[PDB]
């Protein structure tokens, strides 16, 4: 036998180049470094959710990881039935449950940083608009736009953010279509926050550049710089809003493994903890740009600047 961590996805697969991938990599590192084991199951439909989480709980594993906000209901109900099983919910808040720990991220703060990068790049071409494609808007998803918009405005209040919602994290065909719509309108920079769907946005940006259009995309979850290489050397990825869901998974799995599981707590992984932000190295960002970004970053961490949780269009 061994200590086992089981992961349940709510959409797409572990090869999504972003969110599911980060979570699985984290659980995988935990396992490999501690001689433990791990496995996962994919569940695209919500009627598949409770059955997936329950089978894992029934195997009495070390920790069941619910990857994504679509799983919150199934987890609240499943964890009710299986009080002796530990559950970790990634990307949504679950409190008042001793056997549930939830990890959320200060993605508004991280997104502020790539908004600064987006605005500076847009200004370079004399653009007064930048694009934003998000997979869904439920749960904590709005934090991305709220922060992206704040970062853009911190550079130039006259630059407008144009938003498209895909209503799915697993349709790259739709991501590509929404990206073409935005680029066709004149936008030269798009921040994609759409998981698997986002891979279609990155593909459109690569196709566009090859086609002679000076466009850019900003990645998410992972450092997606290499995914954007289009001519052998250069990349269309301006930078990425990295989100260490892998560290969160790895750390909480280790806590469960060691007997220090913080049940009943919803833990925030932020900019200060370096759980969100931009990659260490950014080939497409100048030193001047990096300078401005790090300056904002320090101010947000020190709380000299508080990043909003909802964008202007979503505030009363």
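Residue numbers count along the first chain shown, from 1.
Look at the mean CA B-factor for 272 to 280 and for 250 to 258 in the entry; the higher one is 272 to 280. In this crystal structure, the stretch out of 40 to 48 and 53 to 61 whose C-alpha atoms carry the higher mean B factor is 40 to 48. Of the residues listed, 200, 142, 232, 219, the entry assigns the biggest Cα temperature factor to 232. Ranking 133, 159, 215, 76 by Cα temperature factor from the entry places 76 first. In the PDB entry, residue 186 places in the middle third of its chain by CA B-factor. In the PDB entry, residue 294 places in the middle third of its chain by CA B-factor. Compared with the other modelled residues of the chain, the Cα B-factor recorded for residue 124 ranks in the highest third. When the CA B factors of the chain's modelled residues are split into thirds, the value for residue 169 lands in the lowest one. Per the PDB record, residue ranking by Cα B-factor puts residue 98 in the highest third of the chain.
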